[PDB]
Amino acid sequence: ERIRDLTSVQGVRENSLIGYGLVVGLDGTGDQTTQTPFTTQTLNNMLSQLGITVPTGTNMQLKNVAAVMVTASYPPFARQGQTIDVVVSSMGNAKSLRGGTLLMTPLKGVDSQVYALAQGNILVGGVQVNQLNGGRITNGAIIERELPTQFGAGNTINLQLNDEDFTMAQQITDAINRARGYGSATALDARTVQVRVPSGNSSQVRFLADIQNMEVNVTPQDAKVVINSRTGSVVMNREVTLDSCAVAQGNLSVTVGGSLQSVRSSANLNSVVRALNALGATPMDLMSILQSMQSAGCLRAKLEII
Amino acid sequence: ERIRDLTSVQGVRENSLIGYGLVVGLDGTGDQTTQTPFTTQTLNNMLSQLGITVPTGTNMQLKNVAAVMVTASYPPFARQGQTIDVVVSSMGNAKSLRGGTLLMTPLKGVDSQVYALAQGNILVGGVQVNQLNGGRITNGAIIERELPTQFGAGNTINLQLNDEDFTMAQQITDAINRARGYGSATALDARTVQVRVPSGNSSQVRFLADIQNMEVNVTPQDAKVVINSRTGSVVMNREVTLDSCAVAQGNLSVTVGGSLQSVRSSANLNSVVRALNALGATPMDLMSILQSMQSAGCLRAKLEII
Amino acid sequence: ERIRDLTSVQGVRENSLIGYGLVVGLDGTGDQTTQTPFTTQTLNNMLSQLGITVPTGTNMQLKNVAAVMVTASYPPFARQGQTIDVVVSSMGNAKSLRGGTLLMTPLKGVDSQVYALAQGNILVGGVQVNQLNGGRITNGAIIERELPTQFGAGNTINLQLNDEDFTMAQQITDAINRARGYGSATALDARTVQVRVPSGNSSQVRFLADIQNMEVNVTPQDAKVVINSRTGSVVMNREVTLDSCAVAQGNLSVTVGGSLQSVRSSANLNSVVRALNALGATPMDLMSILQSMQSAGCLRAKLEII
Amino acid sequence: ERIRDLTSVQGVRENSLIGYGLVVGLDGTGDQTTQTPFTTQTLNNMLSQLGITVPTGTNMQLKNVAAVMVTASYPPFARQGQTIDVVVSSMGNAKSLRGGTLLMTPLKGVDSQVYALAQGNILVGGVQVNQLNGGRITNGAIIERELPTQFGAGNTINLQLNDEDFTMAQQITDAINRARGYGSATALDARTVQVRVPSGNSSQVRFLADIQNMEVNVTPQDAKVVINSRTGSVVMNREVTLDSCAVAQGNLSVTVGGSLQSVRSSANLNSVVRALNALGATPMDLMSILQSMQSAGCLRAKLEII
């Protein structure tokens, strides 16, 4: 696996942008403004900013405008000329956003500063039906401000691991130590590896580029079972080991001569799958069987309800 | 890939224009002015600007006029004589904009200055039905003001990368360094490359023209999976690697002998596709299976809900 | 079994994050705000933070917004640039969260400090139906604060065992003592093993990485039976031993010549399963039979109602 | 039988944790808050702790939240980083807890101190129907405080027997005396055996580990019959002896020539079973027959109504 596939850089981080705006067009299917006054209020605010002053006492029963919230994603090292994608989601009573248009929404971050301006056409999908109050605009926001970053300062860069592991951190440190000279990398914990980098933006970029594509062997992570129980999904890891036991579950019986099937000890994932398949059960029954076994041991893994 | 296909220029940036206007004609299907007084108010304002003063107390039940918002796109280095396309979207209660005409809308930017004037005929499309409250006018706006730009000043131009990558920035810098002499380009971060350019508009334009068409080999970007879950779409990258595991999902069973299918370790995208296809599942089930696996590792990629 | 599969590290611990937020989009199926005023109140608070001040007296009957609680999981040694998964669960009257979007929720820990900011798109599953008021966002929260940790201090690390056992702790201590020199590890109790580690982050990480993958033979844990009685599941351990007895249960009779079946003494799990299967009973009857036997001895194991 | 299978250690004891919390999600099927005000009150308390102050006069008719009680199990020698399973049970009017999530419940012991914090996803089972107001979370609570224990102090450890017996205590003491030197173990009563242990945590752990796996022959415990009479279960011990008698029960007659069957003297459990089976009776009749015989002697065992 490449280093980039399991590790992020300390200075490279993403930021979240938010904003409020209006979507026009829509072929009806807009907000019922009698229940969403803020749509009309913000439309009037925009019109006043453009040069039209609507009288205070007005019906304002328009159905081609929907008030929406836009979520963006400030990319690392973003420049002013860059364009980023945005997600537009209806707020009030809008039935659909099929062919609407966003109107210059100023996107704001955690520090309440306008970082981008979003405007574009919504794309939504055409029984599993599509979500038609939520759309995406590709390159629908233009950045206006730059985050001051500390990349290229000092001489230590923290490669931050995903899915923390002392062994994986040691493997990454050793791989970098073989590639470069002695003392190039040093593991700080199960998640961070400090690499000594020369001063200067260019040389740091070159070193990170060379490091990122580098291949590292992945040690066996952990015996882990994932039970969702909300989407009816069960996933078992490669290192999951199963211990000999006996399991009895409602309405289940041996094929053949009754209930209380036996489960054999199995050190391989294929053997674990075969043993759990001999115990004929649906995934819904499988979750209960797995939890009951884990309560008694009998399952050499940790199971997480996800 | 050409440099232009993955990189923008620092001085070359796009601006967003907005405006409010009226669309006339429409074969009925206009605003219900009893619920949208601003349509009548702005029509009266336009008539007064032309020389007709409507009395204050009037019915104003006209159905051939629709109040619309126009969105434009100020192109880089735009001149006064240029014409740009605009998007016209209904505001109030208009049923359609099939054959309407826009009436000299002054388009405004973020700094509230009129940059273009938009006037033209709307084009809209003729069960998947077309959006007939949203249209486009080709060359429907004429520019009137020029943005002061800093292009051609100094001696450093920032080639700004899309889809930030330290390796891609290093590749671009190296390619430019091979093409030109030493020190021509220098990578500043994962997204910016500073190229040293001679003074003068003509020589900067020549250098950028020569650089833009240049071919650069694209390194493997990243193992990444995209799940939309709103349009029912799943996309997997070329570098997505799949680790051996066992997956159980509701109503799914081995073809053949029951639930809890096995997924083999696979380092190739074709092998990943084959392994996930042996697990017979619809895309809706595939999203849940992929998320559950990623929770347990078992999927050597990062998945983003888009 | 690997040491990592049955032991956690003292400094490596997980923390729980909580937060409150809003989900927008949803294709209707949102909160009935007449019964959930806090949804509208917090939406108004967010709008005021963005720059829109809704009047106090408003209908606020919007059905595209749902108030939700987000639960996160602060990983050990977490860095600021890291992203973690979150679980979004509806609070009020929301019918579904099929295609919603979370809006910058500040996640808080036990000490009431904001540790992460969560924003992203919800993924929910497509008779066993899926839970559609509960979803998960993968990498849907970005960390903002770092927990001060004491890892890399002192010279003693406590390997903490899961499923406490004096014999397992002694086995782990002996295995480490064979691998390293004398006095490297010392068992403190049935659950803790103190390993002497050299000073420094790098060397502690290296020692823990070498120790974690190490194989240790697992002694027979304990004779234990698990009865759930809520999911209808019975699990029996490998060491469960069965003593000779006679059992009579309602509507059960010998196959063949009446009630009061006999159960033979059996020192093997397979023999125990055969003896309990000769007594033809469903798991529901099996729980009562097992509890009744344990009341009389006759069952060389402890049974836990789980 | 291993010593661990019939004996607990004096210092090794379990503690019970309790707590109150909320479960969110649930696909409706939550509390009817008009009849359970404490659900809304505690939700408001949590929101205030997060930073949202709900007005005092509110409808609070939300059906996605259920007030629950969580029961945990503080394991012996528990550390701060450990995780333990919890049981979540509905309190008010909740119809189900199918896919809910627990929200940071502080678990408390007998001394009213917070010992763990519980948060996670509930797992419940999918005519014998499952209990869907009661679920379990695996590793759903993280410990925060450590019980001060006296293990490793003094030089005497009390092996405490389950199912008290003077003969079993003597057998355990003799077995330890053969394994170690003279005076190593001394029986104090039918339930306690004092073993002399050297000072120090390490040596005490080693001695207990060596002792625990040791095999000891189990003497015949006692002639005992268990009648449940609530689940319709009758269990008879291995030492149950039956004396010659005559039994008459309603609607029962000799197969063949009428009522008042004879029961032969039988010193073996198989012979006892055969004698009671010749008397053709259901378990319900068997309980009455056994109690009536025991009133007259005729049954060389003690019967307990369990």
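Just so it is clear, A, B, C and D label the chains in written order, and each chain counts residues from 1 on its own.
Convention: a contact is a pair of C-beta atoms (placed from the backbone, for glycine too) under 8 Å apart; a residue touches a chain by one contact, two chains touch by 3 or more.
In UniProt terms, the chains line up like this: A, B, C, D = Flagellar P-ring protein.
Novice: Test of understanding: which option in A-C, A-D or B-C shares over half of the contact pairs of A-B, residue numbers taken as the match?
Specialist: Comparing each option in A-C, A-D or B-C with A-B, the repeat is A-C.
Novice: Can you check which chain pair, B-C or C-D, has more C-beta pairs in contact?
Specialist: C-D
Novice: How many angstrom between the C-alpha centroids of subunit C and subunit B?
Specialist: Going by mean C-alpha positions, subunit B sits 42 Å from subunit C.
Novice: In whole angstrom, what separates the CA-based centres of subunit C and subunit D?
Specialist: Once rounded, the distance between the two centres reads 21 Å.
Novice: Residue numbers in subunit C touching 2 or more other chains?
Specialist: 9, 12, 99, 121, 124-126, 128, 131, 134, 136, 162, 222, 228, 231-233, 284, 306
Novice: Please name which positions on subunit A make contact with subunit D in the complex.
Specialist: Against subunit D, subunit A makes touches at 227, 229-230, 250, 282, 284-285, 287-288, 291, 294-295, 302-306.
Novice: In the complex formed with subunit B, which residues of subunit C make contact?
Specialist: 85, 99, 120-126, 128, 136-140
Novice: Could you please specify the touching residues of subunit A with respect to subunit B in the complex?
Specialist: Touch residues, subunit A against subunit B: 1-2, 4-5, 9, 12, 24-28, 43, 47, 49-52, 54-55, 58-65, 75-83, 98-101, 103-104, 117, 119, 121, 124-126, 128, 130-131, 134-136, 142, 149, 151-152, 162-163, 201-202, 205-206, 208-210, 212-213, 218, 221-222, 224-226, 228, 231-238, 240, 269-270, 272-273, 276-277, 280-284, 286, 304, 306.
Novice: In their shared complex, at which residues does subunit B touch subunit A?
Specialist: 8-10, 12-16, 18-20, 34-38, 41-42, 45, 68-69, 71, 87, 89-95, 108, 110, 112, 128, 131-134, 158, 160, 162, 164, 166-167, 169-171, 173, 186-192, 219-220, 222-223, 230-232, 239, 241, 243-250, 254, 257-260, 262, 265, 284, 288-289, 292-293, 295-298, 300-302, 306
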